[PDB]
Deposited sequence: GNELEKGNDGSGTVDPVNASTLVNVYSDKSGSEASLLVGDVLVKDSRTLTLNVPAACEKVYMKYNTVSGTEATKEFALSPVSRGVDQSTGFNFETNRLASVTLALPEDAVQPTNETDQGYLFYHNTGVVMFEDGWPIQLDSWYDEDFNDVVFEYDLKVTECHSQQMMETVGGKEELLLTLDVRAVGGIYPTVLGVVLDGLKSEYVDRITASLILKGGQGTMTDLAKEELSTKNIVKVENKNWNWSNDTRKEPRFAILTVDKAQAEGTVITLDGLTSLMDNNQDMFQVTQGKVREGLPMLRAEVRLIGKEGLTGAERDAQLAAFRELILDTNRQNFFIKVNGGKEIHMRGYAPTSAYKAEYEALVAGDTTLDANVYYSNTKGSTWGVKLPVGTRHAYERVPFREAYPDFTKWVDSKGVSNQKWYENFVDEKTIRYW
């Protein structure tokens, strides 16, 4: 595996900035990557013939229908191995290529209600980090047609709940049909700040359409309350739109309605392990022809196409909120249509958006800090409206300009 390379969106070879891992580069290799919108170059880390690690910078090319709050873009890179690199042979290329995409999802819980200056909302009602890894479990890289299988590893980590009524967070893995998914592994975990993982529930390699794992009687070590908490992770691979993943139990994370969870100054719990949902989806083996190409594309497009990661939240009563331009689940579809029907403030042609192009959710770089309770998002991020109002043309790195006193970091 010493010849395989790692590609990052940052000079720092941080795990968060990894775009594609364990890549075989025989002569040259062109890859489509999902990169930060402002990103113009990528960094290939490689093993040298002396045993050290080196970095080579690569320029990005454009890949070729309006602005929709994307902090990412599609780009292309042509990798080439420098002459001092570990040269590939079957002795040094034993590794699976994997795509990587991570970010932080920030939701407002009030849909269909919003301030006219929608960015005056605090956007911390549900704050969760996600991490997606799609591994190509193939015997050899760079094939015309391929056997083996794909794997998907998703983590959903609850960072904060700045609302009284949010109950669920989830994602639709759009296009990831049941025909493509053989097994589901689903885990509820407490994610410690220094790499320690505590399992709350787990079901391994299930062939079920619906895998439900739950722990309805857990507490953090040295917890601030004696009352037990609960978490329910449901993986439904059999929905028409793709795999539907939900993490229920968000209401049990706070201690009271005034403070809520990880949002109120003086009440944030320092270094608190994060509630984590972890899902491993193992692709069907032995699928062939056109359908096999369709399967590999379905796993790949979840990382490549940002629009396939249909994140959402639920609030008490079952109301489902998605980001602008993202569809309700098939189950909520009828309710969504009945709800929006008489509302003059909502755009009838765009999902979950007011008539002035608002959103109730944003997907940001994973390190982006959320706002303190009732602090307007545009005050926590002074360059946000510049990016919004220029429709992503200016201040593409607006998320890097946060105001310390208006934002939280406890991890």
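Sequence ranges 1-18, 83-88 have no coordinates in this entry (deposited sequence, numbered from 1, C-alpha basis).
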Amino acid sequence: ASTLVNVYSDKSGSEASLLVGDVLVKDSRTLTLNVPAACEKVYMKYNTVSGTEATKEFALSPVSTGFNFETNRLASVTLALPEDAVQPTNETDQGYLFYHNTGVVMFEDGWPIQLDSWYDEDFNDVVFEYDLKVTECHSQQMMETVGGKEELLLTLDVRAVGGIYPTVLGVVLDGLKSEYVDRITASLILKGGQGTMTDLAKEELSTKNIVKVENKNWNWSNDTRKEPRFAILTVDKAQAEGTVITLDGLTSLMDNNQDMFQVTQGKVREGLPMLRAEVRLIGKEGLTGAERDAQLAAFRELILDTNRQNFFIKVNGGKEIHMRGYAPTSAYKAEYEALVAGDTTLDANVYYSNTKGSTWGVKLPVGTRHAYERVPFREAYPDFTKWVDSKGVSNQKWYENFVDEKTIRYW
From here on, numbers count along this sequence of modelled residues.
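As recorded in the PDB entry, 138-146 is the stretch of 92-100 and 138-146 with the greater mean C-alpha temperature factor.
Once the C-alpha B-factors are averaged per stretch, 240-248 and 71-79 rank with 71-79 first.
Considering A59, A371, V366, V362 together, the PDB entry gives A59 the largest C-alpha B factor. Within the group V340, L173, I189, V127, the record's highest C-alpha temperature factor is found at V340. Sorting the modelled residues of the chain by their CA temperature factor places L19 in the lowest third. Per the deposited record, the Cα B-factor of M260 falls in the lowest third when ranked against the other modelled residues of its chain.
In the deposited entry, the Cα temperature factor of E203 sits in the middle third of values across the chain's modelled residues. Per the deposited record, the Cα B-factor of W411 falls in the highest third when ranked against the other modelled residues of its chain. The entry lists a Cα temperature factor for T155 that places it in the lowest third of the chain's modelled residues.
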